[PDB]
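Take a look at this single chain in structure tokens; it is the form deposited in one PDB entry.
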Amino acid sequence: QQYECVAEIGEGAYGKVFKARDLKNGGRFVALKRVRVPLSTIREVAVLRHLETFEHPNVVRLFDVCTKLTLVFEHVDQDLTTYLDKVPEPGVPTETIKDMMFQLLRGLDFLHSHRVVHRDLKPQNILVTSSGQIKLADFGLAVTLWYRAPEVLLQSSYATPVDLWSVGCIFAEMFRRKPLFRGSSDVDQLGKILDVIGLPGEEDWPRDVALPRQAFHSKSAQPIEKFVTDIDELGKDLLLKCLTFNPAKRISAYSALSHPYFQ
């Protein structure tokens, strides 16, 4: 074969991800993702190859596709989880947070402008390169609920703002070094969210969902500087715009790129 698996990176309800030696290309490490056995899949692979033509710096490179399905990506040594675990006290430098967030938002805007929704954005699939570059992985192909948007939890809408809620959760965690909303179920996750942001207006609550606004009594919105210590005034404004309950009122990745926090 053209590839030689040397270690396992991950396993789950997708298949397995292996760290492999790319024999033909000077023995460089690559990440091979193996998938199961359609037509919606043919189309998803076509979008992946098309996104690769842009070679965006803030998404993992796709080097090959094999015929069950093998996806060959550029290998990157660590994820954001291991990065946050190893960073010395008192934490991630203030400008390292800003730079990683800008790159996260560039990769996300690239994906959103090409009508790809990530849907499972978390530190586990945000990869940190040897030179400190952010690269997005595990997207374009169809478990922790800590980064799930309220509209996904409520099962109402699944548009691009879903990823901006996840970004807000990641932004807060870059400061905290611990997840912001650590719920044990969809109902618990929603409860934990509203204990912080507060209850939205009855007209910001989606109609025809199973969970009504009355199922929660999470009274007032608590100040965010309590849960996210050391965040500046600008970072706080951007954090709140990502963590807006109504997805139609939530900031997009494109406007986030223009926010004064990145000046």
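Residues carry their position along the shown sequence, with the first being 1. Here, rigid core means the biggest group of C-alpha atoms that superpose within 1.5 Å across both forms.
Beyond what is shown, the protein has a form deposited in another entry; the following relates to that form.
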Any chance the CA of residue 25 moves 2 angstroms or more between this form and the one not shown, core superposed? yes
After a rigid core superposition, would you say the CA of residue 16 moves by 2 angstroms or more between this form and the one not shown, or not? yes
Does residue 234 count as moved between this form and the one not shown, where moved means a C-alpha shift of 2 angstroms or more after fitting the rigid core? no
Do residue 12 and residue 135 have their C-alpha atoms closer or farther apart in the other entry than here, with the shift being 3 angstroms or more? closer
Kindly indicate if, in the other entry, the C-alpha atoms of residue 14 and residue 113 are closer or farther apart than in the structure shown, bearing in mind the change is 3 Å or more. farther
